[PDB]
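Source file structure.cif; content: mmCIF, C-alpha atoms.
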data_upload
#
loop_
_atom_site.group_PDB
_atom_site.id
_atom_site.type_symbol
_atom_site.label_atom_id
_atom_site.label_comp_id
_atom_site.auth_asym_id
_atom_site.auth_seq_id
_atom_site.Cartn_x
_atom_site.Cartn_y
_atom_site.Cartn_z
ATOM 1 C CA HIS A 1 -13.405 5.883 -11.433
ATOM 2 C CA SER A 2 -12.907 8.595 -14.076
ATOM 3 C CA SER A 3 -9.090 8.500 -14.004
ATOM 4 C CA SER A 4 -6.177 6.259 -12.990
ATOM 5 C CA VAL A 5 -6.686 4.043 -9.952
ATOM 6 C CA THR A 6 -3.605 4.501 -7.739
ATOM 7 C CA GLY A 7 -4.158 2.025 -4.920
ATOM 8 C CA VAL A 8 -6.413 -0.732 -3.653
ATOM 9 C CA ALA A 9 -7.118 -2.355 -0.294
ATOM 10 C CA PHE A 10 -9.383 -5.086 1.119
ATOM 11 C CA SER A 11 -11.407 -4.738 4.297
ATOM 12 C CA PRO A 12 -10.427 -7.199 7.072
ATOM 13 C CA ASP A 13 -13.234 -9.629 6.167
ATOM 14 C CA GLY A 14 -12.624 -8.998 2.443
ATOM 15 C CA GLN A 15 -16.251 -8.095 1.715
ATOM 16 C CA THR A 16 -15.411 -4.430 0.944
ATOM 17 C CA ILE A 17 -12.730 -3.177 -1.468
ATOM 18 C CA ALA A 18 -11.376 0.374 -1.277
ATOM 19 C CA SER A 19 -9.880 2.076 -4.346
ATOM 20 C CA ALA A 20 -7.962 5.376 -4.602
ATOM 21 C CA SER A 21 -7.920 7.441 -7.757
ATOM 22 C CA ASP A 22 -6.550 10.513 -9.476
ATOM 23 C CA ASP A 23 -10.212 11.521 -9.812
ATOM 24 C CA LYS A 24 -9.844 12.745 -6.153
ATOM 25 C CA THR A 25 -12.106 10.069 -4.655
ATOM 26 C CA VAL A 26 -11.914 6.815 -2.800
ATOM 27 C CA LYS A 27 -14.620 4.378 -3.883
ATOM 28 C CA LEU A 28 -15.868 1.475 -1.756
ATOM 29 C CA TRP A 29 -17.122 -1.633 -3.524
ATOM 30 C CA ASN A 30 -18.647 -4.906 -2.502
ATOM 31 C CA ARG A 31 -16.836 -8.150 -3.312
ATOM 32 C CA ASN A 32 -19.462 -8.629 -6.038
ATOM 33 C CA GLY A 33 -18.294 -5.457 -7.791
ATOM 34 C CA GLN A 34 -21.173 -3.182 -6.779
ATOM 35 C CA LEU A 35 -20.186 0.389 -5.990
ATOM 36 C CA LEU A 36 -21.177 1.212 -2.405
ATOM 37 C CA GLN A 37 -19.757 4.661 -1.597
ATOM 38 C CA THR A 38 -17.734 7.435 -3.186
ATOM 39 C CA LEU A 39 -15.688 9.349 -0.598
ATOM 40 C CA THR A 40 -15.416 13.004 -1.658
ATOM 41 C CA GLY A 41 -13.336 15.672 0.048
ATOM 42 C CA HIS A 42 -9.774 15.503 -1.254
ATOM 43 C CA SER A 43 -8.833 18.475 -3.447
ATOM 44 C CA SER A 44 -6.332 16.610 -5.615
ATOM 45 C CA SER A 45 -5.471 13.056 -6.669
ATOM 46 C CA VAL A 46 -5.781 10.311 -4.076
ATOM 47 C CA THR A 47 -2.591 8.255 -4.053
ATOM 48 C CA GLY A 48 -3.320 5.436 -1.636
ATOM 49 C CA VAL A 49 -5.854 3.937 0.716
ATOM 50 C CA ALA A 50 -5.876 1.670 3.747
ATOM 51 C CA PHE A 51 -8.429 -0.099 5.967
ATOM 52 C CA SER A 52 -8.172 -0.121 9.742
ATOM 53 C CA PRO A 53 -7.917 -3.609 11.327
ATOM 54 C CA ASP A 54 -11.519 -3.171 12.478
ATOM 55 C CA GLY A 55 -12.704 -2.502 8.934
ATOM 56 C CA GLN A 56 -14.652 0.521 10.143
ATOM 57 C CA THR A 57 -12.143 3.317 9.384
ATOM 58 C CA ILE A 58 -10.636 4.075 5.952
ATOM 59 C CA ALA A 59 -7.521 6.223 5.489
ATOM 60 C CA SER A 60 -6.775 8.011 2.215
ATOM 61 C CA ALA A 61 -3.599 9.774 1.052
ATOM 62 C CA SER A 62 -3.606 12.709 -1.346
ATOM 63 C CA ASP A 63 -1.607 15.156 -3.441
ATOM 64 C CA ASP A 64 -3.521 17.815 -1.472
ATOM 65 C CA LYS A 65 -0.950 17.137 1.323
ATOM 66 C CA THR A 66 -3.464 15.501 3.680
ATOM 67 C CA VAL A 67 -4.565 12.147 4.951
ATOM 68 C CA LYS A 68 -8.305 11.848 5.502
ATOM 69 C CA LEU A 69 -9.977 9.365 7.834
ATOM 70 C CA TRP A 70 -13.448 8.143 6.843
ATOM 71 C CA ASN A 71 -15.995 5.751 8.221
ATOM 72 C CA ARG A 72 -17.165 2.811 6.153
ATOM 73 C CA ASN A 73 -20.371 4.667 5.256
ATOM 74 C CA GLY A 74 -18.513 7.618 3.757
ATOM 75 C CA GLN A 75 -18.489 10.157 6.585
ATOM 76 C CA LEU A 76 -15.314 12.201 6.885
ATOM 77 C CA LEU A 77 -13.911 11.799 10.395
ATOM 78 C CA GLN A 78 -10.555 13.627 10.405
ATOM 79 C CA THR A 79 -8.190 15.538 8.132
ATOM 80 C CA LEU A 80 -4.523 15.032 9.048
ATOM 81 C CA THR A 81 -2.550 18.174 8.144
ATOM 82 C CA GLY A 82 1.196 18.597 8.508
ATOM 83 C CA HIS A 83 2.990 17.307 5.431
ATOM 84 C CA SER A 84 4.391 20.091 3.275
ATOM 85 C CA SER A 85 3.940 18.237 -0.027
ATOM 86 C CA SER A 86 1.912 15.429 -1.625
ATOM 87 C CA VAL A 87 1.098 12.441 0.550
ATOM 88 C CA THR A 88 1.905 9.236 -1.335
ATOM 89 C CA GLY A 89 0.725 6.423 0.918
ATOM 90 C CA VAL A 90 -0.911 5.525 4.199
ATOM 91 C CA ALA A 91 -1.075 2.578 6.605
ATOM 92 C CA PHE A 92 -2.817 1.637 9.837
ATOM 93 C CA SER A 93 -1.099 0.194 12.874
ATOM 94 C CA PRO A 94 -2.222 -3.353 13.739
ATOM 95 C CA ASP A 95 -4.155 -2.045 16.758
ATOM 96 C CA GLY A 96 -5.869 0.588 14.580
ATOM 97 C CA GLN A 97 -4.806 3.443 16.873
ATOM 98 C CA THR A 98 -2.017 4.915 14.753
ATOM 99 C CA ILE A 99 -1.849 6.082 11.138
ATOM 100 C CA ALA A 100 1.410 6.378 9.210
ATOM 101 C CA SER A 101 1.642 8.650 6.148
ATOM 102 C CA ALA A 102 4.391 8.927 3.502
ATOM 103 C CA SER A 103 5.079 12.145 1.675
ATOM 104 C CA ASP A 104 7.053 13.881 -1.054
ATOM 105 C CA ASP A 105 8.302 16.156 1.750
ATOM 106 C CA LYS A 106 10.741 13.254 2.570
ATOM 107 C CA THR A 107 9.099 12.254 5.878
ATOM 108 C CA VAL A 108 6.789 9.698 7.364
ATOM 109 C CA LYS A 109 4.390 11.165 9.912
ATOM 110 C CA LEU A 110 2.626 9.194 12.662
ATOM 111 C CA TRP A 111 -0.820 10.257 13.847
ATOM 112 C CA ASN A 112 -3.462 9.102 16.268
ATOM 113 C CA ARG A 113 -6.988 8.532 15.042
ATOM 114 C CA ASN A 114 -8.014 11.833 16.673
ATOM 115 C CA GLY A 115 -5.782 13.565 14.113
ATOM 116 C CA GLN A 116 -2.921 14.520 16.448
ATOM 117 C CA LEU A 117 0.569 14.398 14.952
ATOM 118 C CA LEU A 118 2.583 12.033 17.123
ATOM 119 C CA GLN A 119 5.932 11.821 15.341
ATOM 120 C CA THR A 120 7.862 12.803 12.218
ATOM 121 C CA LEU A 121 10.373 10.285 10.831
ATOM 122 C CA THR A 122 13.192 12.126 9.051
ATOM 123 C CA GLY A 123 16.161 10.591 7.286
ATOM 124 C CA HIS A 124 15.223 9.905 3.668
ATOM 125 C CA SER A 125 16.980 12.186 1.184
ATOM 126 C CA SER A 126 14.141 12.211 -1.355
ATOM 127 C CA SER A 127 10.388 11.640 -1.606
ATOM 128 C CA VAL A 128 8.891 8.890 0.532
ATOM 129 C CA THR A 129 6.662 6.737 -1.648
ATOM 130 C CA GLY A 130 5.040 4.272 0.744
ATOM 131 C CA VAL A 131 4.832 3.136 4.332
ATOM 132 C CA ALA A 132 3.913 -0.006 6.229
ATOM 133 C CA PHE A 133 3.524 -1.087 9.858
ATOM 134 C CA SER A 134 5.117 -4.258 11.143
ATOM 135 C CA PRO A 135 2.377 -6.684 12.234
ATOM 136 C CA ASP A 136 3.534 -6.266 15.866
ATOM 137 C CA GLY A 137 3.148 -2.492 15.490
ATOM 138 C CA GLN A 138 6.655 -1.784 16.807
ATOM 139 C CA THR A 139 8.424 -1.008 13.506
ATOM 140 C CA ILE A 140 7.628 1.369 10.632
ATOM 141 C CA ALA A 141 8.967 0.664 7.148
ATOM 142 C CA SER A 142 9.247 3.452 4.588
ATOM 143 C CA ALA A 143 10.093 3.392 0.870
ATOM 144 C CA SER A 144 11.811 6.272 -0.904
ATOM 145 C CA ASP A 145 13.025 7.618 -4.245
ATOM 146 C CA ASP A 146 16.434 7.703 -2.533
ATOM 147 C CA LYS A 147 16.522 3.953 -3.374
ATOM 148 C CA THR A 148 16.189 2.728 0.222
ATOM 149 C CA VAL A 149 13.748 1.215 2.629
ATOM 150 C CA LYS A 150 14.152 2.556 6.149
ATOM 151 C CA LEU A 151 12.993 0.835 9.344
ATOM 152 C CA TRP A 152 11.980 2.959 12.332
ATOM 153 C CA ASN A 153 10.564 2.609 15.809
ATOM 154 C CA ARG A 154 7.565 4.610 17.015
ATOM 155 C CA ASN A 155 9.975 6.956 18.817
ATOM 156 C CA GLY A 156 11.122 8.163 15.389
ATOM 157 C CA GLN A 157 14.476 6.409 15.797
ATOM 158 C CA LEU A 158 15.986 5.050 12.590
ATOM 159 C CA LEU A 159 16.782 1.332 13.018
ATOM 160 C CA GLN A 160 18.004 0.137 9.596
ATOM 161 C CA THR A 161 18.526 1.378 6.050
ATOM 162 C CA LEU A 162 18.022 -1.375 3.461
ATOM 163 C CA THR A 163 20.221 -0.544 0.473
ATOM 164 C CA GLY A 164 20.459 -2.457 -2.771
ATOM 165 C CA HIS A 165 17.752 -1.328 -5.182
ATOM 166 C CA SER A 166 19.313 0.527 -8.107
ATOM 167 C CA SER A 167 16.373 2.881 -8.554
ATOM 168 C CA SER A 168 13.522 4.465 -6.594
ATOM 169 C CA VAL A 169 11.707 2.206 -4.144
ATOM 170 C CA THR A 170 7.979 2.541 -4.772
ATOM 171 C CA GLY A 171 6.354 0.512 -2.017
ATOM 172 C CA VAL A 172 6.986 -1.645 1.004
ATOM 173 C CA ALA A 173 5.150 -4.398 2.881
ATOM 174 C CA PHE A 174 5.740 -6.631 5.902
ATOM 175 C CA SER A 175 4.964 -10.318 5.796
ATOM 176 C CA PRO A 176 2.031 -11.184 8.095
ATOM 177 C CA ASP A 177 4.403 -12.891 10.548
ATOM 178 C CA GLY A 178 6.727 -9.867 10.483
ATOM 179 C CA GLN A 179 9.821 -11.906 9.585
ATOM 180 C CA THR A 180 10.176 -10.600 6.007
ATOM 181 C CA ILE A 181 10.019 -7.164 4.373
ATOM 182 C CA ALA A 182 9.211 -6.800 0.667
ATOM 183 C CA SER A 183 10.142 -3.709 -1.335
ATOM 184 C CA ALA A 184 9.143 -2.721 -4.873
ATOM 185 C CA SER A 185 11.344 -0.686 -7.156
ATOM 186 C CA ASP A 186 11.661 1.130 -10.456
ATOM 187 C CA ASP A 187 14.617 -1.223 -11.004
ATOM 188 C CA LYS A 188 11.943 -3.809 -12.007
ATOM 189 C CA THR A 189 12.404 -6.041 -8.950
ATOM 190 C CA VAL A 190 10.913 -6.914 -5.620
ATOM 191 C CA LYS A 191 13.487 -7.562 -2.933
ATOM 192 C CA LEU A 192 12.866 -9.612 0.212
ATOM 193 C CA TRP A 193 14.758 -8.743 3.405
ATOM 194 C CA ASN A 194 14.819 -9.923 6.987
ATOM 195 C CA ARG A 195 14.447 -7.573 9.966
ATOM 196 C CA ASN A 196 18.251 -7.379 10.321
ATOM 197 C CA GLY A 197 18.406 -5.779 6.887
ATOM 198 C CA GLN A 198 19.822 -8.824 5.098
ATOM 199 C CA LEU A 199 18.747 -9.346 1.501
ATOM 200 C CA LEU A 200 17.004 -12.713 1.166
ATOM 201 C CA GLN A 201 15.724 -12.736 -2.449
ATOM 202 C CA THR A 202 15.438 -10.558 -5.536
ATOM 203 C CA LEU A 203 12.331 -11.317 -7.580
ATOM 204 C CA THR A 204 13.075 -10.714 -11.258
ATOM 205 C CA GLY A 205 10.609 -11.030 -14.110
ATOM 206 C CA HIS A 206 8.729 -7.779 -14.552
ATOM 207 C CA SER A 207 9.750 -5.875 -17.662
ATOM 208 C CA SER A 208 9.210 -2.368 -16.237
ATOM 209 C CA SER A 209 9.037 -0.577 -12.879
ATOM 210 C CA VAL A 210 7.432 -2.411 -9.978
ATOM 211 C CA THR A 211 4.872 -0.119 -8.325
ATOM 212 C CA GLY A 212 3.600 -2.080 -5.316
ATOM 213 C CA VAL A 213 3.854 -5.345 -3.435
ATOM 214 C CA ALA A 214 1.679 -7.343 -1.052
ATOM 215 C CA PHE A 215 1.736 -10.565 0.966
ATOM 216 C CA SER A 216 -1.041 -13.123 1.174
ATOM 217 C CA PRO A 217 -2.444 -13.429 4.728
ATOM 218 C CA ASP A 218 -0.546 -16.714 5.270
ATOM 219 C CA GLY A 219 2.614 -15.134 3.874
ATOM 220 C CA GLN A 220 2.988 -17.941 1.296
ATOM 221 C CA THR A 221 2.318 -15.744 -1.759
ATOM 222 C CA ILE A 222 3.780 -12.387 -2.783
ATOM 223 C CA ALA A 223 1.988 -10.201 -5.320
ATOM 224 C CA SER A 224 3.729 -7.449 -7.296
ATOM 225 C CA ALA A 225 2.224 -4.698 -9.489
ATOM 226 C CA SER A 226 4.085 -3.277 -12.492
ATOM 227 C CA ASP A 227 4.112 -0.662 -15.232
ATOM 228 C CA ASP A 228 4.449 -3.677 -17.535
ATOM 229 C CA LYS A 229 0.621 -3.986 -17.028
ATOM 230 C CA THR A 230 0.782 -7.212 -15.020
ATOM 231 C CA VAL A 231 0.557 -8.469 -11.502
ATOM 232 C CA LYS A 232 2.983 -11.301 -10.769
ATOM 233 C CA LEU A 233 2.493 -13.879 -7.991
ATOM 234 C CA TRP A 234 5.584 -15.347 -6.348
ATOM 235 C CA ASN A 235 6.301 -17.874 -3.646
ATOM 236 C CA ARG A 236 8.554 -17.075 -0.693
ATOM 237 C CA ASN A 237 11.407 -18.943 -2.422
ATOM 238 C CA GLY A 238 11.221 -16.354 -5.203
ATOM 239 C CA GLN A 239 9.744 -18.589 -7.908
ATOM 240 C CA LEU A 240 7.300 -16.893 -10.278
ATOM 241 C CA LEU A 241 3.951 -18.669 -9.916
ATOM 242 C CA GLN A 242 1.581 -16.643 -12.117
ATOM 243 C CA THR A 243 1.357 -13.553 -14.309
ATOM 244 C CA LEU A 244 -2.029 -11.829 -14.215
ATOM 245 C CA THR A 245 -2.708 -10.205 -17.587
ATOM 246 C CA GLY A 246 -5.667 -8.026 -18.487
ATOM 247 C CA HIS A 247 -5.009 -4.418 -17.483
ATOM 248 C CA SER A 248 -4.517 -2.098 -20.456
ATOM 249 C CA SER A 249 -2.075 0.250 -18.725
ATOM 250 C CA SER A 250 0.290 0.328 -15.747
ATOM 251 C CA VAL A 251 -0.741 -1.542 -12.601
ATOM 252 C CA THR A 252 -0.285 0.771 -9.615
ATOM 253 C CA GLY A 253 -1.085 -1.388 -6.591
ATOM 254 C CA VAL A 254 -2.181 -4.808 -5.425
ATOM 255 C CA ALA A 255 -3.814 -6.382 -2.370
ATOM 256 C CA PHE A 256 -4.945 -9.813 -1.171
ATOM 257 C CA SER A 257 -8.287 -10.833 0.303
ATOM 258 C CA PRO A 258 -8.096 -12.045 3.939
ATOM 259 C CA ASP A 259 -8.303 -15.668 2.825
ATOM 260 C CA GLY A 260 -5.658 -15.020 0.178
ATOM 261 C CA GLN A 261 -7.943 -16.491 -2.479
ATOM 262 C CA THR A 262 -8.607 -13.209 -4.326
ATOM 263 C CA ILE A 263 -6.158 -10.566 -5.559
ATOM 264 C CA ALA A 264 -7.193 -6.969 -6.249
ATOM 265 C CA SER A 265 -5.161 -4.843 -8.680
ATOM 266 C CA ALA A 266 -5.361 -1.105 -9.390
ATOM 267 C CA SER A 267 -4.541 0.401 -12.774
ATOM 268 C CA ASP A 268 -4.077 3.571 -14.784
ATOM 269 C CA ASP A 269 -6.694 2.000 -17.054
ATOM 270 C CA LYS A 270 -9.171 3.370 -14.409
ATOM 271 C CA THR A 271 -10.270 -0.058 -13.122
ATOM 272 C CA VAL A 272 -9.770 -2.365 -10.203
ATOM 273 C CA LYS A 273 -9.551 -6.004 -11.261
ATOM 274 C CA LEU A 274 -10.135 -9.077 -9.097
ATOM 275 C CA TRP A 275 -8.279 -12.306 -9.817
ATOM 276 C CA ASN A 276 -7.953 -15.811 -8.480
ATOM 277 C CA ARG A 277 -4.697 -17.217 -7.145
ATOM 278 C CA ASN A 278 -4.764 -19.318 -10.335
ATOM 279 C CA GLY A 279 -4.143 -16.174 -12.392
ATOM 280 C CA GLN A 280 -7.649 -16.113 -13.869
ATOM 281 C CA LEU A 281 -9.340 -12.736 -14.172
ATOM 282 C CA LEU A 282 -12.579 -12.774 -12.168
ATOM 283 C CA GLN A 283 -14.138 -9.291 -12.309
ATOM 284 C CA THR A 284 -13.450 -5.685 -13.353
ATOM 285 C CA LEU A 285 -14.655 -2.754 -11.231
ATOM 286 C CA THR A 286 -15.310 0.328 -13.331
#
Is it possible to express this structure as structure tokens?
Amino acid sequence: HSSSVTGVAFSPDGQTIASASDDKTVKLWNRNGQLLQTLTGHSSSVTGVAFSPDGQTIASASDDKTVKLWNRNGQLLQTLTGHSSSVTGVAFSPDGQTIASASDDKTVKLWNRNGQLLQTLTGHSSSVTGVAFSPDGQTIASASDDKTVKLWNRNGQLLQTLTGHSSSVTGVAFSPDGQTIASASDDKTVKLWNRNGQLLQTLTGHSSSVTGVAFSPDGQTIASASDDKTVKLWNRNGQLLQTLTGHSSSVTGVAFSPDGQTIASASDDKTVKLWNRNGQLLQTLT
């Protein structure tokens, strides 16, 4: 990548890594660090990327106000138009049939893979910064600069507003068993919540804004990305397990391999880095 990497995701078998960048591309990489494809078509910075559960479809989010759907070989399949400002994040439903997009226009939109707008989730009072599907597919979680996470059903009905962060919420993730919700915030914390909206834990330790959060596939490990240039690994009890050091600028996103053994981090230093659960740096994708 020729500019900041803004997001990273692992394919379902973890053999392919997808990276989003301000250079307006998504790049696809093998686990061994070889560049496989560069997906070209967005007209401004790409802000996030997601793999479909089948590993065949890639979704990308962009400042050009669209989501694009791509196949694993780089073909553009759909352009999802409807947001009135920058799209900041994207997620697939667990059945791969629905795409959720987050936008500076203060909404989440829901789309089918044919590109039809299914629903607009309205309620946030400021930019929406990230979106996640519950692993049962029945709930949508959104993160916002209005300092909240909101939970929604597919009907667009607001279910819960999770309040407590003292600054913008930058990202959101469901645990693989759907029992826990993690949120990242400019207030330098990750907070863990249950589905009732109750705060379970506040993870403290990062020295600057937290930009993204992810669960291991067994839900036992939480990874957080920060402007303090680290990824931190945490257990469910909130204990800090590791600090992954090596990026030379802000870390913007993080993801786990499907066996939870490898962590991918995205950075403004224009790289993706791969790490072991032990905290050891493994590889750097440039």
Check: Selected by the PyMOL selection byres ((chain A and resi 189-196) around 8) in the shown coordinates: which residues, as a list in words?
Finding: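 Applying the expression gives residues 160, 165, 179, 180, 181, 182, 183, 184, 185, 186, 187, 188, 197, 198, 199, 200, 201, 202, 203, 204, 205, 206, 209, 210, 213 and 224 of chain A.
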Restricted to C-alpha atoms, what would the selected residues look like written as a short mmCIF file (atom, residue, chain, number, x, y, z; two decimals), in the coordinates of the input?
data_model
loop_
_atom_site.label_atom_id
_atom_site.label_comp_id
_atom_site.auth_asym_id
_atom_site.auth_seq_id
_atom_site.Cartn_x
_atom_site.Cartn_y
_atom_site.Cartn_z
CA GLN A 160 18.00 0.14 9.60
CA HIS A 165 17.75 -1.33 -5.18
CA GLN A 179 9.82 -11.91 9.59
CA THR A 180 10.18 -10.60 6.01
CA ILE A 181 10.02 -7.16 4.37
CA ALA A 182 9.21 -6.80 0.67
CA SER A 183 10.14 -3.71 -1.34
CA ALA A 184 9.14 -2.72 -4.87
CA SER A 185 11.34 -0.69 -7.16
CA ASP A 186 11.66 1.13 -10.46
CA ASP A 187 14.62 -1.22 -11.00
CA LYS A 188 11.94 -3.81 -12.01
CA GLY A 197 18.41 -5.78 6.89
CA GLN A 198 19.82 -8.82 5.10
CA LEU A 199 18.75 -9.35 1.50
CA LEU A 200 17.00 -12.71 1.17
CA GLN A 201 15.72 -12.74 -2.45
CA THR A 202 15.44 -10.56 -5.54
CA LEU A 203 12.33 -11.32 -7.58
CA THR A 204 13.08 -10.71 -11.26
CA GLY A 205 10.61 -11.03 -14.11
CA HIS A 206 8.73 -7.78 -14.55
CA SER A 209 9.04 -0.58 -12.88
CA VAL A 210 7.43 -2.41 -9.98
CA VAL A 213 3.85 -5.34 -3.44
CA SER A 224 3.73 -7.45 -7.30
#
Checklist line | Matched chain/residue IDs from the PyMOL selection byres ((chain A and resi 60) around 8), as a list in words | finding: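 What the PyMOL selection byres ((chain A and resi 60) around 8) grabs from the file is residues 20, 26, 46, 47, 48, 49, 50, 58, 59, 61, 62, 67, 68, 69, 89 and 90 of chain A.
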Next item on the list: May I ask for the distance between atom CA of residue A:286 and atom CA of residue A:263, given in Å to one decimal place?
Entry: 16.2 Å
Next item on the list: One decimal, Å: what's the distance from atom CA of residue A:24 over to atom CA of residue A:258, could you say?
Entry: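 For atom CA of residue A:24 relative to atom CA of residue A:258, the distance reads 26.8 Å.
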How big is the axis-aligned box, and where does its centre sit, when it encloses all atoms of stretch 8-18 of chain A listed in the file and has 8 Å added on every side, reported in Å to one decimal as lines of an AutoDock Vina configuration file?
center_x = -11.3
center_y = -4.6
center_z = 1.7
size_x = 25.8
size_y = 26.0
size_z = 26.7
Next item on the list: Would you mind telling me which residue in A:158, A:214, A:100, A:172 lies nearest to residue A:123 when using all atoms listed in the file?
Entry: A:158
Notebook entry, point to check: What lies within 10 Å of residue A:72 using all atoms listed in the file, ignoring chain neighbours under 4 positions off, as a list in words?
Noted result: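 The residues that qualify are residues 11, 16, 18, 28, 36, 37, 39, 51, 55, 56, 57, 58 and 76 of chain A.
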Margin query: Using only C-alpha atoms, can you tell me which of A:34, A:257, A:249, A:71 comes closest to residue A:217?
Written below: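 Smallest separation from residue A:217 among the options: A:257.
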Next item on the list: Evaluate the PyMOL selection byres ((chain A and resi 225) around 7) here and jot the selected residues down as a ChimeraX atom specification.
Entry: /A:210-213,223-224,226,230-232,251-254
Note to self: Counting only C-alpha atoms, which residue out of A:52, A:207, A:21, A:114 sits closest to residue A:229?
What the structure shows: A:207
Next item on the list: Would you mind telling me which residue in A:53, A:109, A:174, A:41 lies nearest to residue A:77 when using only C-alpha atoms?
Entry: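 Of A:53, A:109, A:174, A:41, the one nearest residue A:77 is A:41, counting only C-alpha atoms.
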